[PDB]
Every structure is written in C-alpha cells, then in structure tokens.
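Reviewing the structure listed below.
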Amino acid sequence: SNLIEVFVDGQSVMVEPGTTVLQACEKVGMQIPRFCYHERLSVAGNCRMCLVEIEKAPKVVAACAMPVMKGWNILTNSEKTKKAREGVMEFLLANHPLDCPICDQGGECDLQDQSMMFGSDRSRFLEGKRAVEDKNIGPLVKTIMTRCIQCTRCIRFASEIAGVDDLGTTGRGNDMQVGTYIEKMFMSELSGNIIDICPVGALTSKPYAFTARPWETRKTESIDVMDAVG
Amino acid sequence: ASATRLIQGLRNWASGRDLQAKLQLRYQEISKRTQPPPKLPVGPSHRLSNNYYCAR
Ligand code: SF4
Ligand code: SF4
Ligand code: FES
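As you go down the protein sequences, you meet chains 3 and h in turn. The opening residue of the first sequence carries number 6 in the authors' numbering; numbering runs sequentially from there. The opening residue of the second sequence carries number 1 in the authors' numbering; numbering runs sequentially from there.
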C-alpha cells in the first residue's frame with residue numbers, strides 16, 4: 006500500500022513511491038558520495054559525483070534527482086560506477102588550486118575526504134589550471150573563489166532559504182564566476198551560515214580566519230543565548 | 001697500512017696472513033660523493049590510459 010520493493014545489491018527495501026535514489030540507498034546504510042545535493046536544498050544535477058549504475062540499464066543515472074520506479078536494482082560498487090566516480094573526481098580536481106596548506110577547511114573539506122575514499126590516486130593533465138578573480142563580499146565571509154567547484158549550493162540556499170536572491174552564476178565553460186556581479190556587499194541574518202554549506206574552501210569565516218584547524222579542536226555540546234528560540 | 005717493517009712480519013707471524021683491508025677501513029674506496037646526481041625510476045601505474053584505481 007503506497008510502498009515499493011526495490012533491491013539494493015540484491016537486498017530488498019521498502020520505500021515510498023517517489024523517494025529519490027540517494028534516499029533509498031541511505032535507508033540501508035549506503036551513503037552515495039555527493040556535493041551539490043543537500044538535505045535542506047532543492048535538487049540539482051551539478052556535482053555529478055552522485056552517479057550510480059543500475060543493472061540492465063546502459064547509461065549511468067544520477068542518484069540525486071532520479072525517482073525510483075519498482076524493481077530497480079541499484080549496484081553501488083559495480084565497476085561502471087566506480088569508474089564514473091573516478092572520472093568525475095578527476096575532472097573536478099582538474100582545475101583546482103593547491104591551497105590545502107593555506108586553505109581553512111583542510112581538516113574537513115569534502116574534496117579531500119571523497120578524493121581519497123573514492124577518486125583515483127594520481128592526476129594527469131599538465132597544462133591547464135584556470136584561475137578566478139576573488140571577490141570581497143562581507144566582513145563575515147572571507148572569499149577565495151579560485152577554490153570554488155561551482156556546485157550551486159550557495160546560490161540555492163541564498164535564494165530559497167535566505168531569500169535575498171543576490172547570488173548567481175555568470176559565464177560559460179571554464180569561466181563561470183559564482184557571486185554578485187556588481188560587487189555588492191551581501192549581508193543578512195542567516196547569511197553567515199553559508200560558510201558551512203560551501204563544501205570546499207571557497208567560502209570561509211573571516212574572523213575565525215586562520216586561527217584553528219579541525220582535528221586539533223575538541224567539540225562540545227552546548228545551547229544558545231541572545232535568542233529565545235533556544 | 002702505515003709503513004711497517006718487521007712488525008708487520010710479527011703480525012704475519014701471529015694470527016696468520018693479513019694486510020687485506022686493514023681493520024681500520026681507512027684506505028680509499030670511499031665512493032667520492034654522488035658523481036652523478038640521482039634520478040629515480042617510477043614503477044607500475046604512473047601511466048595514463050592503462051588503469052583505473054579500482055583494478056589496482
Ligand atoms: S578547497 Fe579543499 S581541496 Fe581545495 S585547497 Fe581547500 S581543502 Fe584543499
Ligand atoms: S562558492 Fe562554494 S557553495 Fe558556491 S558553488 Fe562554489 S563551491 Fe559551491
Ligand atoms: S547530487 Fe546528483 S548531481 Fe549532485
């Protein structure tokens with residue numbers, strides 16, 4: 006009754022009619038590596054890291070936006086998939102600066118995590134490596150856009166949730182800059198949160214700056230004041 | 001060794017034949033230092049078009 010049997014590696018699971026592929030794999034413990042998808046943000050086909058093979062199907066389908074009909078069998082570790090992930094990771098790492106020493110997210114940034122635990126171990130493509138003019142935005146958000154993977158998260162957040170609608174993309178091909186075209190200050194309530202959503206070191210915290218580093222710090226549960234929302 | 005006469009006869013006469021590689025290792029055979037600068041090979045993989053990280 007409004008449930009669907011769909012196999013995962015031959016292991017059946019009952020899911021709702023219209024839950025996504027990525028969710029269906031979440032249910033049994035598969036977390037398909039991803040970038041542009043986010044729990045609070047509407048779906049987009051940008052990152053392409055979510056690719057996964059379904060047997061009997063010639064092309065690889067993107068797990069973010071693909072709805073699940075009955076009887077899909079989702080092979081996560083099938084060779085075609087792993088080759089797809091290695092590919093996507095390679096093209097992403099094609100144009101990226103080497104900032105990991107200076108970059109603020111070095112202990113965190115998902116390009117390093119998913120880079121080791123999925124993508125290939127050795128790069129290629131010598132002559133290359135485009136660069137981007139960096140753009141100052143707020144006093145809160147330090148901005149180096151060379152590290153941007155252009156994953157559209159910041160846009161979709163600013164639009165839907167923040168509601169400011171002042172961020173976008175301008176360009177084609179290699180050259181697409183993500184940010185205000187007129188060099189306007191972007192500041193709002195909830196705006197600072199964007200530095201958590203940027204998966205790479207493109208956006209970061211200006212005041213927190215260079216002081217710390219993720220593995221060195223001891224996380225501690227707490228509550229908030231200054232707002233009655235608790 | 002250093003110039004030795006009749007004492008090296010004493011040593012030839014006590015412990016037997018010697019004088020190959022005086023125990024002190026002090027005579028040449030020091031290799032100089034790196035006449036060529038080293039250049040190293042790189043083994044399997046390190047090559048485009050052959051491989052995907054899954055197989056290896
Ligand atoms: S954005 Fe990620 S991969 Fe790029 S320099 Fe920073 S930590 Fe390294
Ligand atoms: S600035 Fe960050 S969040 Fe925005 S598209 Fe680039 S990588 Fe994604
Ligand atoms: S989640 Fe499917 S494209 Fe990024």
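Each residue gets a CB set at the ideal place from its N, CA and C atoms; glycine is no exception.
Inter-residue CB distance, residue i and residue j (contact presumed, cutoff 8 Å)
i                     : j                : result
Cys153 (chain 3)      : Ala207 (chain 3) : 4 Å
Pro38 (chain 3)       : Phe96 (chain 3)  : That belief does not hold up - the Cβ atoms of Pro38 (chain 3) and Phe96 (chain 3) are roughly 14 Å apart, past 8 Å.
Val26 (chain 3)       : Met54 (chain 3)  : 13 Å between Cβ atoms; not a contact.
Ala1 (chain h)        : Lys22 (chain h)  : 5 Å
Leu172 (chain 3)      : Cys159 (chain 3) : 6 Å
residue 283 (chain 3) : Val48 (chain 3)  : Outside the displayed range of chain 3 (6 to 235) lies residue 283 (chain 3), so it cannot be described from this structure.
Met190 (chain 3)      : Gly143 (chain 3) : 6 Å
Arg11 (chain h)       : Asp18 (chain h)  : 6 Å
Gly50 (chain 3)       : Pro219 (chain 3) : Not confirmed; about 30 Å, so no contact.
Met35 (chain 3)       : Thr81 (chain 3)  : 5 Å
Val66 (chain 3)       : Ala89 (chain 3)  : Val66 (chain 3) to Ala89 (chain 3), Cβ: 10 Å. No contact.
residue 63 (chain h)  : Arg161 (chain 3) : Chain h is shown from 1 up to 56; residue 63 (chain h) falls before or after that span and cannot be answered.
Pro204 (chain 3)      : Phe40 (chain 3)  : 6 Å
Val57 (chain 3)       : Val33 (chain 3)  : Contact flag wrong, Cβ pair sits at about 13 Å.
Residue i: CB within 8 Å of a non-hydrogen atom of ligand 4
i                : result
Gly184 (chain 3) : Ligands in the displayed structure: ligand 1, ligand 2 and ligand 3; ligand 4 is not one of them.
> In chain order, what residues have a CB nearer than 5 Å to some heavy atom of ligand 1?
Replying inline: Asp104 (chain 3), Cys105 (chain 3), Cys108 (chain 3), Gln110 (chain 3), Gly111 (chain 3), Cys114 (chain 3), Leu116 (chain 3), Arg152 (chain 3), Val205 (chain 3), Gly206 (chain 3)
> Curious, which full-length alpha helix (DSSP H) runs of at least 4 residues does the stretch 75-122 of chain 3 contain?
Replying inline: 84-99, 115-122
>> Which residues neighbour ligand 3 when neighbourhood means a C-beta less than 5 Å away from any of its non-hydrogen atoms? List them by chain order.
In response: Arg39 (chain 3), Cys41 (chain 3), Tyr42 (chain 3), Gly50 (chain 3), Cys52 (chain 3), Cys55 (chain 3), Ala67 (chain 3), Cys69 (chain 3)
> For the 8 Å Cβ check, are there 3 or more pairs between the stretch 148-167 of chain 3 and the stretch 197-213 of chain 3?
Replying inline: yes
> Just checking, does the stretch 105-118 of chain 3 make contact with the stretch 66-85 of chain 3 on the three C-beta pairs under 8 Å criterion?
Replying inline: no
> At a Cβ cut of 7 Å, what residues of the stretch 51-74 of chain 3 count as close to chain h, listed as they run along the chain?
Replying inline: none
>> In chain order, what are the residue ranges of uninterrupted beta strand (DSSP E) at least 3 long that sit wholly in the stretch 166-199 of chain 3?
In response: 174-177, 180-183
>> Assess contact between the stretch 92-106 of chain 3 and the stretch 124-138 of chain 3, defined as three or more Cβ pairs (one per stretch) separated by less than 8 Å. Is contact present?
In response: yes
>> Could you check whether the stretch 132-142 of chain 3 touches the stretch 228-235 of chain 3, counting it as contact only if at least three pairs of C-beta atoms, one from each stretch, sit closer than 8 Å?
In response: no
> the stretch 125-148 of chain 3: which residues have C-beta closer than 8 Å to a C-beta of chain h, in chain order?
Replying inline: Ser125, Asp126, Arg127, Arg129
> Along the stretch 23-41 of chain h, what residues have a CB closer than 7 Å to any CB found in chain 3?
Replying inline: none
> Okay, do the stretch 196-204 of chain 3 and the stretch 155-173 of chain 3 touch, 3+ Cβ pairs below 8 Å being the bar?
Replying inline: yes
>> Can you confirm whether the stretch 176-195 of chain 3 touches the stretch 57-77 of chain 3 when touching is taken to mean that 3 or more C-beta pairs between the two stretches lie within less than 8 Å?
In response: no
>> To be precise: take each residue of the stretch 188-199 of chain 3, compare its Cβ to all Cβ atoms of chain h, and keep it if any distance is under 9 Å. Which residues remain?
In response: none
>> Output needed in chain order: residues of the stretch 84-116 of chain 3 with a Cβ under 8 Å from some Cβ in chain h.
In response: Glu84, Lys87, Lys88, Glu91
> In the stretch 41-54 of chain h, which residues sit with their C-beta less than 8 Å from some C-beta in chain 3, listed in chain order?
Replying inline: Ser45, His46, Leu48, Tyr52, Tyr53, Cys54
>> Please give me, in chain order, every unbroken run of the alpha helix (DSSP H) with length at least 4 that falls completely inside the stretch 22-70 of chain 3.
In response: 26-32
> What residue ranges within the stretch 198-228 of chain 3 form continuous alpha helix (DSSP H) runs of no fewer than 4 residues, ordered along the chain?
Replying inline: 199-202
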